[PDB]
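Everything below concerns the one structure shown next.
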Amino acid sequence: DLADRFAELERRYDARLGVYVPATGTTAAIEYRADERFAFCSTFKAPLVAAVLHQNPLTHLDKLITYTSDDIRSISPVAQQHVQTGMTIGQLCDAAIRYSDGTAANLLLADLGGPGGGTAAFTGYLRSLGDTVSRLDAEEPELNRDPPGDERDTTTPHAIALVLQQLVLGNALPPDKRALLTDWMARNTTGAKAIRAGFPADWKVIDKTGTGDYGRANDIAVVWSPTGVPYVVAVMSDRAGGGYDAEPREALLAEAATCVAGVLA
């Protein structure tokens with residue numbers, strides 16, 4: 001069965017694998033280690049943008065944010081190009097999701113404001129969606145670095161799937177902000193080898209990936225069948241057995257997603 005497929009993938013990749021797909025009209029929830037904690041890595045950037053959208057009028061997206069050299073401390077493919085000019089909140093949201101830009105995320109966290117450079121408020125945003133499990137404690141790059149087992153900067157496949165479900169499919173956001181978030185994840189540039197790879201081309205996939213140390217590789221997605229039936233798919237992984245420098249293996253996510261897709265088809 002499916003649990004056997006997932007266990008096989010764990011042995012193949014020397015990995016710990018977590019999978020959650022919420023129940024629908026006709027499908028039971030898919031769950032595998034779904035309540036085990038895994039580091040968010042960059043997956044937090046999608047609900048982070050939702051937080052910022054929720055907190056402000058739509059035109060806050062047009063506010064220019066300035067920053068400098070010492071703000072670039074993590075992988076930030078877009079923010080490094082615009083340090084001289086600044087970036088609007090909208091551009092930061094775009095970059096945080098579509099290029100997994102870490103400086104954009106740190107700046108959005110600061111925009112949210114409050115203790116921990118915005119991490120407490122981010123966590124508070126998840127609480128407001130009924131997620132009593134996830135916690136964000138650090139920003140980029142530190143959040144990728146907690147030792148395996150440490151609960152700091154973690155969510156679960158179950159928790160994050162329910163969060164994303166509310167953000168994209170549910171009414172956590174008004175339709176106009178919901179569409180912005182959805183469109184950004186739809187135009188994501190980093191996810192081609194993750195959940196996207198496991199679903200047939202005629203399925204729509206929007207997603208946000210994350211990788212980190214200890215072979216961490218995650219992807220959270222919403223997918224739509226060719227007849228418009230949506231499913232939320234959370235797949236999380238680490239390879240603690242390889243130590244800090246263990247390589248993230250997105251192939252594992254692709255294979256797990258392929259196994260999920262075979263069940264949902």
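The chains in the structure tokens are called A, B, ... from first to last as shown; in each chain the residues are counted from 1, and the ligands are counted from 1 in the order shown.
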How would you write, as a ChimeraX atom specification, the set of residues in range 26-240 of chain A that DSSP gives as helix (DSSP H, G or I)? /A:41-55,58-62,69-71,79-81,89-98,102-112,115-128,142-144,157-169,175-186,195-198,240
Just C-alpha atoms for this one: save the residues we selected as a compact mmCIF listing (two decimals), in the first residue's frame.
```txt
# COMPACT_ATOMS: atom_id res chain seq x y z
CA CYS A 41 12.52 25.92 5.81
CA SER A 42 11.28 28.25 3.09
CA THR A 43 7.73 26.87 3.11
CA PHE A 44 6.84 29.48 5.76
CA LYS A 45 7.23 32.17 3.10
CA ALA A 46 3.83 31.36 1.59
CA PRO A 47 1.80 31.82 4.77
CA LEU A 48 4.09 34.78 5.59
CA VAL A 49 2.87 36.57 2.46
CA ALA A 50 -0.71 35.69 3.47
CA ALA A 51 -0.06 37.26 6.89
CA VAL A 52 1.19 40.45 5.29
CA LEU A 53 -1.73 40.54 2.84
CA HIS A 54 -4.24 39.98 5.64
CA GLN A 55 -2.77 42.65 7.90
CA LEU A 58 -4.13 45.97 -0.78
CA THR A 59 -2.26 49.14 -1.68
CA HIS A 60 0.34 48.44 1.04
CA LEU A 61 1.81 46.28 -1.73
CA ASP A 62 2.96 49.53 -3.31
CA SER A 69 24.21 45.25 2.44
CA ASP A 70 23.95 43.82 5.94
CA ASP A 71 20.34 42.72 5.25
CA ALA A 79 16.69 41.23 -3.24
CA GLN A 80 20.41 41.18 -4.11
CA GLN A 81 19.52 42.76 -7.49
CA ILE A 89 6.09 45.05 -0.46
CA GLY A 90 4.46 43.51 -3.53
CA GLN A 91 7.87 42.77 -5.07
CA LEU A 92 9.04 41.31 -1.76
CA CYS A 93 6.01 39.03 -1.64
CA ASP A 94 6.68 38.03 -5.25
CA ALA A 95 10.33 37.30 -4.52
CA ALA A 96 9.69 35.49 -1.23
CA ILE A 97 7.33 33.03 -2.90
CA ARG A 98 8.55 32.69 -6.48
CA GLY A 102 15.24 35.01 2.17
CA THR A 103 15.92 38.74 2.45
CA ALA A 104 12.42 39.38 1.11
CA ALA A 105 11.07 37.09 3.81
CA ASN A 106 13.07 38.77 6.58
CA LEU A 107 11.82 42.14 5.38
CA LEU A 108 8.23 40.91 5.27
CA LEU A 109 8.65 39.54 8.80
CA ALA A 110 9.85 42.97 9.91
CA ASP A 111 6.86 44.51 8.12
CA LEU A 112 4.56 42.30 10.15
CA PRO A 115 8.95 40.62 18.87
CA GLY A 116 11.45 38.26 17.25
CA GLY A 117 11.69 40.43 14.15
CA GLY A 118 8.14 39.45 13.24
CA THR A 119 8.40 35.72 14.05
CA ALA A 120 5.96 35.91 16.99
CA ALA A 121 3.36 37.69 14.84
CA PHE A 122 3.88 35.17 12.06
CA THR A 123 3.23 32.40 14.55
CA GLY A 124 0.26 34.35 15.85
CA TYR A 125 -1.12 34.44 12.31
CA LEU A 126 -1.01 30.62 12.16
CA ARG A 127 -2.71 30.43 15.58
CA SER A 128 -5.54 32.53 14.18
CA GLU A 142 19.01 30.51 11.10
CA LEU A 143 15.63 28.82 10.64
CA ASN A 144 17.10 26.13 8.39
CA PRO A 157 2.66 18.04 7.27
CA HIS A 158 -0.80 17.94 8.89
CA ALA A 159 -0.66 21.45 10.35
CA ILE A 160 0.74 23.23 7.32
CA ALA A 161 -1.67 21.48 4.94
CA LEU A 162 -4.67 22.71 6.93
CA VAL A 163 -3.17 26.21 6.97
CA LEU A 164 -2.60 26.26 3.20
CA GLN A 165 -6.08 24.79 2.67
CA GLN A 166 -7.64 27.74 4.48
CA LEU A 167 -5.43 30.29 2.70
CA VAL A 168 -6.02 29.07 -0.87
CA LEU A 169 -9.27 27.12 -0.80
CA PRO A 175 -11.03 36.77 -2.63
CA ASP A 176 -8.80 39.56 -3.96
CA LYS A 177 -5.94 38.83 -1.54
CA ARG A 178 -6.54 35.09 -1.94
CA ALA A 179 -5.99 35.44 -5.70
CA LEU A 180 -2.70 37.32 -5.20
CA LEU A 181 -1.34 34.56 -2.98
CA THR A 182 -2.61 31.84 -5.30
CA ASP A 183 -1.13 33.55 -8.38
CA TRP A 184 2.29 33.89 -6.73
CA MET A 185 2.42 30.21 -5.80
CA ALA A 186 1.16 29.42 -9.30
CA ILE A 195 5.33 18.00 -6.16
CA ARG A 196 4.85 19.38 -9.69
CA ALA A 197 6.99 16.52 -10.99
CA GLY A 198 4.69 13.87 -9.50
CA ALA A 240 19.50 13.62 9.58
```
Residue 220 in chain A surroundings by only C-alpha atoms, 6 Å radius, close-in-sequence under 6 positions cut, as a PDB file with N, CA and C atoms, in the first residue's frame:
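Saved file part_36.pdb follows:
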```
ATOM      1  N   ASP A 207       2.644  25.917  -5.604  1.00  0.00           N
ATOM      2  CA  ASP A 207       3.432  25.371  -4.513  1.00  0.00           C
ATOM      3  C   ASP A 207       4.429  26.356  -3.932  1.00  0.00           C
ATOM      4  N   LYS A 208       4.999  25.964  -2.798  1.00  0.00           N
ATOM      5  CA  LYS A 208       6.131  26.672  -2.211  1.00  0.00           C
ATOM      6  C   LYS A 208       7.055  25.614  -1.635  1.00  0.00           C
ATOM      7  N   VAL A 233      -1.514  19.239  -0.732  1.00  0.00           N
ATOM      8  CA  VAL A 233      -0.486  18.212  -0.574  1.00  0.00           C
ATOM      9  C   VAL A 233       0.710  18.793   0.168  1.00  0.00           C
ATOM     10  N   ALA A 234       0.984  18.252   1.351  1.00  0.00           N
ATOM     11  CA  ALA A 234       2.181  18.615   2.113  1.00  0.00           C
ATOM     12  C   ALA A 234       3.134  17.426   2.174  1.00  0.00           C
TER      13      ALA A 234
END
```
Select, from A:244, A:214, A:32, A:199, the residue with the minimum atom-to-atom distance to residue 2 in chain A, counting only C-alpha atoms. A:32
Return the single residue from A:261, A:17, A:138, A:217 that is closest to residue 249 in chain A, with distances computed using only C-alpha atoms. A:217
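Coordinates place CA of residue 101 in chain A at a distance of 6.0 Å from CA of residue 77 in chain A.
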Can you list, as a PyMOL selection string, all residues belonging to range 60-147 of chain A that DSSP tags as strand (DSSP E or B)? chain A and resi 64-65+87-88+135
